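Visitor: All I have is the shape, not the residue letters:
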Ligand SMILES: [Zn+2]
């Protein structure tokens, strides 16, 4: 929670979301920038800078089949990042934004402790709320998992409305619990993600 770090984050918008926004690229950009700006505030306490490497919009076609089965979609998306995106756009992590309603109550998915990893530094997000704060918290929860964070034990940790709560609160805080901070310190210490510490 203290050395100065930076994550070059690439966002990807699928066909369904592109259509949901009436195929308006300017509208979509403004929407995601608002969310990313809140994500920047969420990570500020950890001295982790979030920079967008780009927002890729699949205006003509989906480069993977976006399936309601989140698990499958995350796997497909992570692989596509590995084999296709990274050959064109260097980035530390990519996050898919889709209007596809995942089965069940899942509105986001990511691999845990994989930040910087060529095959698994990825996450997926269902565009489930129009409120900037709620979507930024959703995006930050997935990036937090990528950064080695587990879910908050709502009783044990010093916060029950923070980023890593297992379920998104109806009215969330931008704050990380003490537990989340300790997990991030452990990730840095034990996992040593070189890509966020570079120059
Ligand atoms: Zn989670």
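Guide: That came through fine. Numbers count the residues shown, from 1 in each chain.
Visitor: Please report how far residue 157 lies from residue 189.
Guide: 19 Å (CB to CB, to the nearest Å). Using the backbone N, CA and C atoms, a C-beta is placed for each residue, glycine as well.
Visitor: Of those two, give the one with the bigger neighbour count.
Guide: Neighbour count, other CB atoms under 10 Å: between residue 157 and residue 189, residue 157 has more, with 19 against 9.
Visitor: which residues touch that one?
Guide: 177-180 (CB atoms under 8 Å, 6 or more residues apart in numbering).
Visitor: Secondary structure and distance to residue 81 added to those, as CSV?
Guide: Rendered in CSV, the data for the contacts of residue 157 read as follows (DSSP: H, G, I helix; E, B strand; the rest coil; distance: CB to CB, whole Å):
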residue, secondary structure, distance to residue 81
177, coil, 29
178, helix, 32
179, helix, 29
180, helix, 25
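Visitor: of all those residues, which two lie farthest apart?
Guide: Put simply, by CB to CB the two of the contacts of residue 157 set farthest apart are 178 and 180, 7.4 Å from each other.
Visitor: Pick out whichever of these two has more residues nearby.
Guide: Counted by other CB under 10 Å, residue 178 and residue 180 do not tie: residue 180 has more neighbours, with 27 against 14.
Visitor: what sits up against stretch 76-87?
Guide: Residues contacting stretch 76-87 (CB under 8 Å, 6+ apart): 10, 12, 56, 63-65, 67, 91, 94, 96, 111, 118-122, 124.
Visitor: Test my guess that residue 166 contacts residue 152.
Guide: Yes: in this structure, residue 166 is within contact of residue 152 by CB atoms under 8 Å, at 7.4 Å.
Visitor: if you count what's nearby, which of these two comes out ahead?
Guide: Higher neighbour count among residue 166 and residue 152: residue 152, with 23 against 10, using other CB under 10 Å.
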